[PDB]
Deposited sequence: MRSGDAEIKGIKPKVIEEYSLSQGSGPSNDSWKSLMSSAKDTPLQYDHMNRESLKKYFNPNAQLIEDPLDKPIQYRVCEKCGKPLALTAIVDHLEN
């Protein structure tokens, strides 16, 4: 129904970035290092309000099958993060 420019007051409150296209994603490495674990559809401040603070969280756990490998000597199922210790 309507037609549309963008409100001049709101432009001044943010808009023209942009930085170079070829550095875009690499650019985040530095602050990612300072940033704690984030989930796509688990909001950080709601996890803090409504869940225990040392709660375990696997996002979308049934999305893909379990990621494991089986030891050749003992035949144990090992989580990827446990394999290297198991082996030494």
| item | value |
| --- | --- |
| Ranges of the deposited sequence (numbered from 1) for which no C-alpha atom is modelled | 1-4, 9, 22-23, 96 |
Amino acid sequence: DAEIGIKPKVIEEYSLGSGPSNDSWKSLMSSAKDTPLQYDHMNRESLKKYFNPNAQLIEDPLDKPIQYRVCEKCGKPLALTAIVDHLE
From here on, numbers count along this sequence of modelled residues.
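If you superpose the two forms and keep the largest set of C-alpha atoms that fall within 1.5 Å, you have the rigid core.
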{"property": "Between 6-14 and 71-79, larger RMS Cα displacement in 4 other deposited structures of this protein after core fit", "result": "6-14"}
{"property": "Larger mean CA deviation from the shown form in 4 other deposited structures of this protein [core fit; 47-55 vs 24-32]", "result": "24-32"}
{"property": "Check: residue 19 without coordinates in a third or more of other entries", "result": "yes"}
{"property": "Average Cα temperature factor in the PDB entry - higher stretch of 74-82, 7-15", "result": "7-15"}
{"property": "17-25 versus 60-68 - which carries the larger mean C-alpha B factor in the record", "result": "17-25"}
